[PDB]
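Read the single chain below, which is given as structure tokens and is the form deposited in one PDB entry.
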């Protein structure tokens, strides 16, 4: 019964007069249907399928703009100055869409996704993390919206996915995001090794971080403290 669940997602977006809203990763149809019931301005569906895009021939309201490219490698700031990305995220490429969206932090203050409880709990921080989580929480706040049991989907799957809300909250200023990504990949590479091995000790000692500690024991402010030293000062 997607009826109920799809409404809750639009409700959470808070759509007003001058709102541009981009849907990512369709493949169902009814996603746009329920969104177009809200006071929109411009709506863009990003759908990978060349057959699904042709299903714009449902009602064909001239206030849409379906864009046939892929959501995981798209530049969002090409569209608008303040965007509200929404989308049910497929389990396989879910990571890439989130990485992709944060890159456009400047032109997207709010984003709401249907991911997967494990993928979501990882992103939150509380239950232990990966680099992608740190990348997100650097520029956004992840918020648990609601759980969805394996019945509200087309079939009943093996996972119980959850809805997440991402409100913009840049924690510390960062000039090059790719530079910053490369940094996190360098720290998270080979998780179980001591920090000292991965990064020059002269800088671990600089921060409050014990060099013989592990990358898991770190927490946001730790990641900031030493990055501000990495690109120098």
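Rigid core here is just the name for the largest C-alpha set that superposes within 1.5 Å across the two forms. Residue numbers count along the first chain shown, from 1.
As for the form deposited in another entry, it is not shown, yet the points below apply to it.
Fit the rigid core and compare the CA positions between the shown form and the other one: of 28, 169, 179, 68, just 28 moves by 2 angstroms or more.
After superposition on the rigid core, the Cα atom of residue 220 is displaced by less than 2 Å between the shown form and the other one. Once the cores line up, the CA of residue 58 ends up 2 angstroms or more apart between the shown form and the other one.
A movement of the C-alpha atom of residue 157 reaching 2 angstroms or beyond is seen between the shown form and the other one when the two forms are aligned on their rigid core.
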